[PDB]
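Reproduced below: input16.cif, with mmCIF, N, CA, C and O atoms and all ligand atoms.
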data_model
loop_
_atom_site.label_atom_id
_atom_site.label_comp_id
_atom_site.auth_asym_id
_atom_site.auth_seq_id
_atom_site.Cartn_x
_atom_site.Cartn_y
_atom_site.Cartn_z
N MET Z 1 14.54 7.82 15.75
CA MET Z 1 13.28 7.41 15.06
C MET Z 1 13.32 5.91 14.71
O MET Z 1 14.33 5.25 14.88
N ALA Z 2 12.21 5.43 14.21
CA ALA Z 2 12.08 3.99 13.81
C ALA Z 2 11.76 3.91 12.31
O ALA Z 2 10.62 4.02 11.90
N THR Z 3 12.80 3.70 11.53
CA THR Z 3 12.66 3.60 10.04
C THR Z 3 12.85 2.13 9.61
O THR Z 3 13.77 1.78 8.90
N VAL Z 4 11.93 1.32 10.08
CA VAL Z 4 11.94 -0.15 9.77
C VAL Z 4 10.63 -0.54 9.05
O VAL Z 4 9.71 0.24 8.99
N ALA Z 5 10.61 -1.75 8.53
CA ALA Z 5 9.42 -2.30 7.79
C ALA Z 5 8.07 -2.04 8.49
O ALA Z 5 8.03 -1.76 9.67
N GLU Z 6 7.01 -2.16 7.72
CA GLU Z 6 5.64 -1.93 8.28
C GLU Z 6 4.73 -3.15 8.02
O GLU Z 6 3.59 -3.00 7.62
N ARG Z 7 5.29 -4.30 8.27
CA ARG Z 7 4.63 -5.64 8.11
C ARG Z 7 3.15 -5.67 7.65
O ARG Z 7 2.30 -6.05 8.44
N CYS Z 8 2.90 -5.26 6.42
CA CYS Z 8 1.50 -5.25 5.87
C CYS Z 8 0.37 -5.95 6.67
O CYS Z 8 0.26 -7.16 6.64
N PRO Z 9 -0.42 -5.17 7.38
CA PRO Z 9 -1.73 -5.62 7.95
C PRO Z 9 -2.67 -6.34 6.96
O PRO Z 9 -3.73 -6.79 7.34
N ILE Z 10 -2.24 -6.44 5.72
CA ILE Z 10 -3.03 -7.11 4.66
C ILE Z 10 -2.37 -8.41 4.14
O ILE Z 10 -3.02 -9.44 4.10
N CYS Z 11 -1.12 -8.32 3.76
CA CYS Z 11 -0.39 -9.53 3.24
C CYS Z 11 0.70 -9.97 4.24
O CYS Z 11 0.71 -11.09 4.70
N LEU Z 12 1.58 -9.05 4.53
CA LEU Z 12 2.72 -9.24 5.48
C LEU Z 12 3.70 -10.29 4.93
O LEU Z 12 3.95 -11.33 5.51
N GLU Z 13 4.22 -9.94 3.79
CA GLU Z 13 5.21 -10.80 3.08
C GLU Z 13 6.36 -9.82 2.85
O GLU Z 13 6.95 -9.76 1.79
N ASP Z 14 6.63 -9.07 3.90
CA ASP Z 14 7.70 -8.02 3.93
C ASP Z 14 7.21 -6.93 2.96
O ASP Z 14 7.26 -7.14 1.76
N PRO Z 15 6.73 -5.81 3.46
CA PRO Z 15 5.94 -4.84 2.65
C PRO Z 15 6.89 -3.88 1.87
O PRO Z 15 6.71 -2.68 1.86
N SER Z 16 7.88 -4.48 1.26
CA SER Z 16 8.96 -3.84 0.43
C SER Z 16 8.67 -2.46 -0.17
O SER Z 16 9.26 -1.48 0.24
N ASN Z 17 7.78 -2.43 -1.13
CA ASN Z 17 7.42 -1.13 -1.79
C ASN Z 17 6.37 -0.46 -0.92
O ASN Z 17 5.92 -1.06 0.04
N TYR Z 18 5.99 0.76 -1.23
CA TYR Z 18 4.95 1.41 -0.38
C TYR Z 18 3.84 2.22 -1.04
O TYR Z 18 4.01 2.93 -2.01
N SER Z 19 2.71 2.01 -0.42
CA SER Z 19 1.40 2.62 -0.76
C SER Z 19 0.98 3.15 0.62
O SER Z 19 0.66 2.39 1.51
N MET Z 20 0.97 4.44 0.79
CA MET Z 20 0.57 5.00 2.11
C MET Z 20 -0.88 5.36 1.97
O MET Z 20 -1.23 6.08 1.05
N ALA Z 21 -1.68 4.85 2.87
CA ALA Z 21 -3.14 5.12 2.85
C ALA Z 21 -3.24 6.40 3.66
O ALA Z 21 -2.84 6.44 4.81
N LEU Z 22 -3.78 7.39 3.00
CA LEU Z 22 -4.00 8.77 3.54
C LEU Z 22 -5.47 8.96 3.95
O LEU Z 22 -6.32 8.21 3.51
N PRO Z 23 -5.75 9.97 4.75
CA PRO Z 23 -4.75 10.83 5.46
C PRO Z 23 -4.15 10.20 6.74
O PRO Z 23 -3.92 10.89 7.71
N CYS Z 24 -3.92 8.91 6.71
CA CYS Z 24 -3.33 8.20 7.90
C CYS Z 24 -2.02 7.52 7.48
O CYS Z 24 -1.59 6.59 8.14
N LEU Z 25 -1.46 8.02 6.41
CA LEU Z 25 -0.18 7.53 5.80
C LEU Z 25 0.49 6.29 6.43
O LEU Z 25 1.62 6.32 6.89
N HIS Z 26 -0.26 5.23 6.41
CA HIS Z 26 0.25 3.93 6.98
C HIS Z 26 0.78 3.34 5.68
O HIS Z 26 0.02 3.28 4.73
N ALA Z 27 2.01 2.93 5.68
CA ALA Z 27 2.56 2.36 4.42
C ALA Z 27 2.50 0.84 4.31
O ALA Z 27 3.20 0.10 4.98
N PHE Z 28 1.62 0.47 3.43
CA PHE Z 28 1.32 -0.96 3.07
C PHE Z 28 2.15 -1.21 1.77
O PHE Z 28 2.67 -0.25 1.26
N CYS Z 29 2.29 -2.42 1.25
CA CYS Z 29 3.11 -2.61 -0.03
C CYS Z 29 2.44 -1.76 -1.11
O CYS Z 29 1.34 -1.31 -0.85
N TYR Z 30 3.07 -1.57 -2.26
CA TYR Z 30 2.38 -0.74 -3.30
C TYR Z 30 0.94 -1.27 -3.37
O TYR Z 30 0.71 -2.46 -3.48
N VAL Z 31 0.05 -0.33 -3.32
CA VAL Z 31 -1.41 -0.51 -3.36
C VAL Z 31 -1.98 -1.89 -2.88
O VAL Z 31 -2.93 -2.39 -3.45
N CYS Z 32 -1.40 -2.47 -1.84
CA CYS Z 32 -1.92 -3.80 -1.32
C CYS Z 32 -3.24 -3.37 -0.64
O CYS Z 32 -4.33 -3.74 -1.03
N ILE Z 33 -3.04 -2.59 0.38
CA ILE Z 33 -4.12 -2.00 1.24
C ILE Z 33 -5.34 -1.53 0.45
O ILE Z 33 -6.45 -1.75 0.88
N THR Z 34 -5.09 -0.90 -0.67
CA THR Z 34 -6.20 -0.39 -1.54
C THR Z 34 -7.25 -1.51 -1.68
O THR Z 34 -8.42 -1.33 -1.40
N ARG Z 35 -6.76 -2.64 -2.12
CA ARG Z 35 -7.61 -3.85 -2.31
C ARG Z 35 -8.42 -4.07 -1.02
O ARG Z 35 -9.63 -4.17 -1.04
N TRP Z 36 -7.71 -4.12 0.09
CA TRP Z 36 -8.37 -4.32 1.42
C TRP Z 36 -9.50 -3.33 1.66
O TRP Z 36 -10.64 -3.74 1.74
N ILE Z 37 -9.19 -2.06 1.77
CA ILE Z 37 -10.26 -1.03 2.02
C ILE Z 37 -11.48 -1.10 1.08
O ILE Z 37 -12.59 -1.07 1.56
N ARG Z 38 -11.27 -1.19 -0.21
CA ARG Z 38 -12.42 -1.26 -1.18
C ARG Z 38 -13.53 -2.25 -0.77
O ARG Z 38 -14.68 -2.04 -1.10
N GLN Z 39 -13.14 -3.28 -0.06
CA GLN Z 39 -14.10 -4.32 0.42
C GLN Z 39 -14.37 -4.07 1.91
O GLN Z 39 -15.50 -4.10 2.37
N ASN Z 40 -13.29 -3.84 2.61
CA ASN Z 40 -13.28 -3.57 4.08
C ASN Z 40 -12.61 -2.22 4.38
O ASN Z 40 -11.46 -2.22 4.79
N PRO Z 41 -13.30 -1.11 4.19
CA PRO Z 41 -12.82 0.27 4.52
C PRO Z 41 -12.33 0.40 5.97
O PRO Z 41 -12.05 -0.60 6.61
N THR Z 42 -12.25 1.62 6.46
CA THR Z 42 -11.79 1.87 7.87
C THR Z 42 -10.52 1.06 8.11
O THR Z 42 -10.53 0.00 8.70
N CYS Z 43 -9.47 1.66 7.58
CA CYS Z 43 -8.07 1.15 7.62
C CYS Z 43 -7.80 -0.07 8.54
O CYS Z 43 -8.16 -0.04 9.70
N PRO Z 44 -7.16 -1.10 8.02
CA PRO Z 44 -6.91 -2.37 8.77
C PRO Z 44 -6.09 -2.09 10.04
O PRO Z 44 -6.09 -2.87 10.97
N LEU Z 45 -5.43 -0.96 10.01
CA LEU Z 45 -4.58 -0.50 11.14
C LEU Z 45 -5.22 0.59 12.01
O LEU Z 45 -5.10 0.49 13.22
N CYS Z 46 -5.87 1.57 11.44
CA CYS Z 46 -6.49 2.62 12.32
C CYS Z 46 -7.90 3.08 11.92
O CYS Z 46 -8.19 4.26 11.94
N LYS Z 47 -8.73 2.14 11.58
CA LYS Z 47 -10.15 2.39 11.16
C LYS Z 47 -10.53 3.81 10.68
O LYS Z 47 -11.42 4.45 11.22
N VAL Z 48 -9.84 4.28 9.66
CA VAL Z 48 -10.13 5.64 9.10
C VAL Z 48 -10.73 5.39 7.71
O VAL Z 48 -10.30 4.48 7.04
N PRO Z 49 -11.70 6.19 7.30
CA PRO Z 49 -12.39 6.02 6.00
C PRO Z 49 -11.47 6.62 4.91
O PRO Z 49 -11.78 7.65 4.34
N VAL Z 50 -10.38 5.92 4.68
CA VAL Z 50 -9.32 6.29 3.67
C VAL Z 50 -9.79 7.17 2.51
O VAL Z 50 -10.90 7.07 2.02
N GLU Z 51 -8.88 8.01 2.10
CA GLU Z 51 -9.13 8.97 0.98
C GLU Z 51 -8.28 8.63 -0.25
O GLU Z 51 -8.81 8.28 -1.28
N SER Z 52 -6.98 8.74 -0.10
CA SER Z 52 -6.04 8.45 -1.23
C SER Z 52 -4.85 7.58 -0.84
O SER Z 52 -4.60 7.35 0.32
N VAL Z 53 -4.14 7.13 -1.84
CA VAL Z 53 -2.92 6.29 -1.61
C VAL Z 53 -1.82 6.92 -2.45
O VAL Z 53 -2.02 7.22 -3.61
N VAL Z 54 -0.69 7.11 -1.83
CA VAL Z 54 0.47 7.72 -2.54
C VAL Z 54 1.52 6.63 -2.55
O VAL Z 54 1.71 5.93 -1.58
N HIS Z 55 2.17 6.53 -3.68
CA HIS Z 55 3.24 5.52 -3.88
C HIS Z 55 4.57 6.20 -4.16
O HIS Z 55 4.95 6.44 -5.29
N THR Z 56 5.23 6.48 -3.07
CA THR Z 56 6.56 7.15 -3.12
C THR Z 56 7.57 6.00 -3.07
O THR Z 56 8.24 5.75 -2.08
N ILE Z 57 7.61 5.33 -4.19
CA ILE Z 57 8.50 4.16 -4.41
C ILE Z 57 9.64 4.64 -5.32
O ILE Z 57 9.58 5.74 -5.85
N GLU Z 58 10.65 3.82 -5.49
CA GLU Z 58 11.82 4.20 -6.35
C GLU Z 58 11.97 3.32 -7.61
O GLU Z 58 11.14 2.47 -7.88
N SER Z 59 13.04 3.61 -8.30
CA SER Z 59 13.47 2.95 -9.57
C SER Z 59 12.52 1.88 -10.17
O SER Z 59 12.76 0.69 -10.07
N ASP Z 60 11.47 2.37 -10.77
CA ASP Z 60 10.44 1.49 -11.41
C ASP Z 60 10.44 1.74 -12.93
O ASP Z 60 11.02 2.71 -13.37
N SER Z 61 9.77 0.86 -13.64
CA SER Z 61 9.61 0.87 -15.14
C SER Z 61 9.79 -0.57 -15.65
O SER Z 61 10.85 -0.97 -16.08
N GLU Z 62 8.72 -1.32 -15.58
CA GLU Z 62 8.73 -2.75 -16.02
C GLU Z 62 8.00 -2.90 -17.37
O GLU Z 62 7.50 -1.93 -17.91
N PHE Z 63 7.96 -4.12 -17.84
CA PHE Z 63 7.29 -4.49 -19.14
C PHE Z 63 7.96 -3.83 -20.36
O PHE Z 63 8.92 -3.09 -20.23
N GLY Z 64 7.42 -4.14 -21.51
CA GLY Z 64 7.93 -3.60 -22.81
C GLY Z 64 6.81 -2.77 -23.45
O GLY Z 64 6.97 -1.59 -23.70
N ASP Z 65 5.71 -3.44 -23.69
CA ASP Z 65 4.51 -2.79 -24.32
C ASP Z 65 3.38 -2.91 -23.28
O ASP Z 65 3.64 -2.79 -22.09
N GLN Z 66 2.17 -3.14 -23.72
CA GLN Z 66 1.00 -3.27 -22.79
C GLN Z 66 0.55 -4.73 -22.67
O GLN Z 66 0.14 -5.16 -21.61
N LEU Z 67 0.65 -5.46 -23.76
CA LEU Z 67 0.24 -6.90 -23.77
C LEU Z 67 1.44 -7.82 -24.03
O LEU Z 67 1.60 -8.83 -23.37
N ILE Z 68 2.25 -7.43 -24.98
CA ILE Z 68 3.47 -8.23 -25.35
C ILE Z 68 4.78 -7.47 -25.02
O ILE Z 68 4.68 -6.42 -24.41
ZN ZN R 1 1.74 -6.16 1.13
ZN ZN R 2 -4.37 3.92 9.04
#
If you took the structure in this file and wrote it as structure tokens, what would it be?
Amino acid sequence: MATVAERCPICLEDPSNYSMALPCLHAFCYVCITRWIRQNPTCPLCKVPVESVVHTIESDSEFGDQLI
């Protein structure tokens, strides 16, 4: 199989984390693609009228509070 990067069709700054646009599970960086479709739907990679985005990312938990 090919388990290598998926060079974001939106940013392409090494798509480290992942946001898979469903039901065509193309993995863009965490919710990068989301931004793209909202303005330009029909997936940048396979012109599908996207439904949801799943973020099966690891070891997260940033910030302290909400503002400070
Ligand atoms: Zn990206
Ligand atoms: Zn797609």
* Can you work out which one of Z:57, Z:5, Z:49, Z:42 has the shortest atom-to-atom distance to residue 30 (chain Z), counting only N, CA, C and O atoms? => Z:57
* May I have the protein, DNA and RNA residues with an atom at most 7 Å from (2.1, 0.9, -1.1), counting all atoms listed in the file in the file's coordinates, returned as a PyMOL selection string? => chain Z and resi 15+17-21+26-33+54-56
Output file for the selection above: N, CA, C and O atoms, as a PDB file, keeping the file's coordinate frame:
ATOM      1  N   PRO Z  15       6.730  -5.810   3.460  1.00  0.00           N
ATOM      2  CA  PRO Z  15       5.940  -4.840   2.650  1.00  0.00           C
ATOM      3  C   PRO Z  15       6.890  -3.880   1.870  1.00  0.00           C
ATOM      4  O   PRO Z  15       6.710  -2.680   1.860  1.00  0.00           O
ATOM      5  N   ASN Z  17       7.780  -2.430  -1.130  1.00  0.00           N
ATOM      6  CA  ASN Z  17       7.420  -1.130  -1.790  1.00  0.00           C
ATOM      7  C   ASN Z  17       6.370  -0.460  -0.920  1.00  0.00           C
ATOM      8  O   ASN Z  17       5.920  -1.060   0.040  1.00  0.00           O
ATOM      9  N   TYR Z  18       5.990   0.760  -1.230  1.00  0.00           N
ATOM     10  CA  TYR Z  18       4.950   1.410  -0.380  1.00  0.00           C
ATOM     11  C   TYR Z  18       3.840   2.220  -1.040  1.00  0.00           C
ATOM     12  O   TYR Z  18       4.010   2.930  -2.010  1.00  0.00           O
ATOM     13  N   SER Z  19       2.710   2.010  -0.420  1.00  0.00           N
ATOM     14  CA  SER Z  19       1.400   2.620  -0.760  1.00  0.00           C
ATOM     15  C   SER Z  19       0.980   3.150   0.620  1.00  0.00           C
ATOM     16  O   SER Z  19       0.660   2.390   1.510  1.00  0.00           O
ATOM     17  N   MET Z  20       0.970   4.440   0.790  1.00  0.00           N
ATOM     18  CA  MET Z  20       0.570   5.000   2.110  1.00  0.00           C
ATOM     19  C   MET Z  20      -0.880   5.360   1.970  1.00  0.00           C
ATOM     20  O   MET Z  20      -1.230   6.080   1.050  1.00  0.00           O
ATOM     21  N   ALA Z  21      -1.680   4.850   2.870  1.00  0.00           N
ATOM     22  CA  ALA Z  21      -3.140   5.120   2.850  1.00  0.00           C
ATOM     23  C   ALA Z  21      -3.240   6.400   3.660  1.00  0.00           C
ATOM     24  O   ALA Z  21      -2.840   6.440   4.810  1.00  0.00           O
ATOM     25  N   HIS Z  26      -0.260   5.230   6.410  1.00  0.00           N
ATOM     26  CA  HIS Z  26       0.250   3.930   6.980  1.00  0.00           C
ATOM     27  C   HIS Z  26       0.780   3.340   5.680  1.00  0.00           C
ATOM     28  O   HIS Z  26       0.020   3.280   4.730  1.00  0.00           O
ATOM     29  N   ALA Z  27       2.010   2.930   5.680  1.00  0.00           N
ATOM     30  CA  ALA Z  27       2.560   2.360   4.420  1.00  0.00           C
ATOM     31  C   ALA Z  27       2.500   0.840   4.310  1.00  0.00           C
ATOM     32  O   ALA Z  27       3.200   0.100   4.980  1.00  0.00           O
ATOM     33  N   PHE Z  28       1.620   0.470   3.430  1.00  0.00           N
ATOM     34  CA  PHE Z  28       1.320  -0.960   3.070  1.00  0.00           C
ATOM     35  C   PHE Z  28       2.150  -1.210   1.770  1.00  0.00           C
ATOM     36  O   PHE Z  28       2.670  -0.250   1.260  1.00  0.00           O
ATOM     37  N   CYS Z  29       2.290  -2.420   1.250  1.00  0.00           N
ATOM     38  CA  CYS Z  29       3.110  -2.610  -0.030  1.00  0.00           C
ATOM     39  C   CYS Z  29       2.440  -1.760  -1.110  1.00  0.00           C
ATOM     40  O   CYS Z  29       1.340  -1.310  -0.850  1.00  0.00           O
ATOM     41  N   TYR Z  30       3.070  -1.570  -2.260  1.00  0.00           N
ATOM     42  CA  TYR Z  30       2.380  -0.740  -3.300  1.00  0.00           C
ATOM     43  C   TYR Z  30       0.940  -1.270  -3.370  1.00  0.00           C
ATOM     44  O   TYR Z  30       0.710  -2.460  -3.480  1.00  0.00           O
ATOM     45  N   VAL Z  31       0.050  -0.330  -3.320  1.00  0.00           N
ATOM     46  CA  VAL Z  31      -1.410  -0.510  -3.360  1.00  0.00           C
ATOM     47  C   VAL Z  31      -1.980  -1.890  -2.880  1.00  0.00           C
ATOM     48  O   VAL Z  31      -2.930  -2.390  -3.450  1.00  0.00           O
ATOM     49  N   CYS Z  32      -1.400  -2.470  -1.840  1.00  0.00           N
ATOM     50  CA  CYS Z  32      -1.920  -3.800  -1.320  1.00  0.00           C
ATOM     51  C   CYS Z  32      -3.240  -3.370  -0.640  1.00  0.00           C
ATOM     52  O   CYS Z  32      -4.330  -3.740  -1.030  1.00  0.00           O
ATOM     53  N   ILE Z  33      -3.040  -2.590   0.380  1.00  0.00           N
ATOM     54  CA  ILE Z  33      -4.120  -2.000   1.240  1.00  0.00           C
ATOM     55  C   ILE Z  33      -5.340  -1.530   0.450  1.00  0.00           C
ATOM     56  O   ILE Z  33      -6.450  -1.750   0.880  1.00  0.00           O
ATOM     57  N   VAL Z  54      -0.690   7.110  -1.830  1.00  0.00           N
ATOM     58  CA  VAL Z  54       0.470   7.720  -2.540  1.00  0.00           C
ATOM     59  C   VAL Z  54       1.520   6.630  -2.550  1.00  0.00           C
ATOM     60  O   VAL Z  54       1.710   5.930  -1.580  1.00  0.00           O
ATOM     61  N   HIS Z  55       2.170   6.530  -3.680  1.00  0.00           N
ATOM     62  CA  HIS Z  55       3.240   5.520  -3.880  1.00  0.00           C
ATOM     63  C   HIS Z  55       4.570   6.200  -4.160  1.00  0.00           C
ATOM     64  O   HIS Z  55       4.950   6.440  -5.290  1.00  0.00           O
ATOM     65  N   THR Z  56       5.230   6.480  -3.070  1.00  0.00           N
ATOM     66  CA  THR Z  56       6.560   7.150  -3.120  1.00  0.00           C
ATOM     67  C   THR Z  56       7.570   6.000  -3.070  1.00  0.00           C
ATOM     68  O   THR Z  56       8.240   5.750  -2.080  1.00  0.00           O
TER      69      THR Z  56
END
Listed atoms of region 12-31 of chain Z, axis-aligned box, 5 Å per side: centre and edge lengths to one decimal in Å, as AutoDock Vina command-line options?
--center_x 1.5 --center_y -0.2 --center_z 2.3 --size_x 25.6 --size_y 32.2 --size_z 21.6
* To do: Kindly provide, as a count of residues only, all nucleotide and amino acid residues lying within 5 Å of ligand ZN 2 (chain R), counting all atoms listed in the file.
  => 4
* Asked: What is the distance, in Å and to one decimal place, between CA of residue 52 (chain Z) and atom N of residue 23 (chain Z)?
  -> 6.2 Å
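Distances here use only C-alpha atoms and all ligand atoms; by that measure, the residue among Z:34, Z:22, Z:50, Z:1 closest to ligand ZN 1 (chain R) is Z:34.
You will find atom O of residue 25 (chain Z) at 12.4 Å from atom C of residue 48 (chain Z).
Atom C of residue 53 (chain Z) to CA of residue 35 (chain Z) spans 12.2 Å [interatomic distance, one decimal].
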* Once DSSP has gone over the backbone, tell me which residues of chain Z are in alpha helix (DSSP H), as a ChimeraX atom specification. => /Z:32-39
